[PDB]
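To find a chain, count down the sequence lines: A is the first, B the second, and so on, and within it residues start at 1.
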Amino acid sequence: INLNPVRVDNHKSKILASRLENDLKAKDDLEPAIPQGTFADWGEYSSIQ
Amino acid sequence: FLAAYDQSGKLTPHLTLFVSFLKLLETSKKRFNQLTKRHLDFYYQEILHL
């Protein structure tokens with residue numbers, strides 16, 4: 001049987017181009033989360049009187 | 001002084017309250033001094049995730 005060069009090139013291109021997409025996505029998720037609190041003058045005191 | 005009157009039944013009432021109060025506060029000291037451990041544990045386990 002005979003093969004056509006344009007069809008092969010298209011398949012090869014798609015297979016490899018999809019690899020580039022993942023290398024690019026990898027550039028954003030580079031760090032873990034840290035739990036965050038609030039702030040409220042923990043030393044406030046009222047007289048027992 | 002503190003040893004001499006411990007369980008004697010002989011202090012004047014204004015000192016009796018003051019000293020009883022100071023003894024009750026010992027449980028606060030116990031809780032308060034555990035903060036250094038809680039701080040260390042937090043850093044290694046929740047900040048550094050180890």
Side-chain angles (χ1 to χ4, degrees):
Chain A
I1 326 160
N2 300 179
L3 301 176
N4 300 179
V6 160
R7 288 179 179 174
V8 174
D9 288 346
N10 287 343
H11 290 300
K12 181 177 176 180
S13 182
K14 292 178 182 178
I15 292 166
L16 297 173
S18 75
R19 293 179 180 185
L20 294 168
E21 290 182 348
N22 287 338
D23 288 346
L24 292 170
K25 289 177 183 178
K27 297 189 173 186
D28 296 306
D29 185 21
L30 302 179
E31 57 183 3
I34 302 169
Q36 301 181 358
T38 187
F39 181 85
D41 195 18
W42 309 115
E44 189 182 2
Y45 174 78
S46 297
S47 172
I48 65 172
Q49 294 178 43
Chain B
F1 167 82
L2 289 170
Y5 286 90
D6 186 62
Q7 304 176 63
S8 70
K10 296 181 181 179
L11 292 177
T12 66
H14 73 280
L15 296 178
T16 300
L17 282 174
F18 188 75
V19 172
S20 293
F21 168 73
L22 294 178
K23 287 182 179 180
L24 290 171
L25 292 175
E26 288 180 345
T27 68
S28 294
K29 184 178 166 198
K30 181 178 178 180
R31 185 179 297 277
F32 195 101
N33 282 333
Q34 294 175 64
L35 288 169
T36 61
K37 181 172 177 179
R38 290 170 64 194
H39 184 78
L40 176 61
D41 273 339
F42 174 78
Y43 176 62
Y44 285 175
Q45 291 180 328
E46 298 184 26
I47 302 302
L48 301 178
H49 302 283
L50 305 174

N/O donor-acceptor pair under 3.5 Å between B:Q34 side chain and B:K30 backbone: yes
If I take atom OG from residue B:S28 and atom CG from residue B:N33, how far apart are they, to the nearest 0.5 angstrom? 10.5 Å
Verify the neighbour count for atom CD1 of A:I48: are there more than 12 heavy atoms of other residues, nucleotides or ligands below 6.0 Å? no
Give, for atom OG1 of B:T36 and atom CG of B:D41, the distance between the pair rounded to the nearest 0.5 Å. 10.0 Å
B:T27 OG1 to B:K29 NZ distance, which is reported to the nearest 0.5 Å: 11.5 Å
Would the number of heavy atoms belonging to other residues, nucleotides or ligands and lying under 6.0 Å from NE2 of B:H49 be above 12? yes
Tell me whether B:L25 shares a hydrophobic cluster with B:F18, the cluster being built from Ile, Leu, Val, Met, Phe, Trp, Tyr side chains joined at under 4.5 Å. yes
Using every non-hydrogen atom in the two residues, find where B:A4 and B:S8 come nearest and quote the distance to one decimal. O-CB, 4.1 Å
Within this structure, what is the CG-NZ distance for the pair B:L2 and B:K23, rounded to the nearest 0.5 Å? 7.5 Å
Minimum heavy-atom separation for B:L50 to B:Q45, with atom names? O-CG, 3.8 Å
Over 12 non-hydrogen atoms of neighbours within 6.0 angstrom of CZ in B:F1: yes
Look up atom CD in B:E46 and atom CG in B:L48, then write down how far apart they are to the nearest 0.5 Å. 11.0 Å
Hey, could you give me the CG/CG distance between B:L17 and B:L22, rounded to the nearest 0.5 Å? 11.0 Å
Does the A:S18 side chain pair with the main chain of A:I15, one donor and one acceptor, at a distance under 3.5 Å? yes
Once side chain to side chain donor-acceptor pair (under 3.5 Å) is applied, what residue pairs with a partner in residues 24-49 of chain A remain, sequence neighbours excluded? none
Would you find more than 12 non-hydrogen atoms of other residues, nucleotides or ligands less than 6.0 Å from B:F42 atom CZ? yes
Linked, directly or transitively: B:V19 and B:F21 (ILVMFWY side chains, under 4.5 Å): no
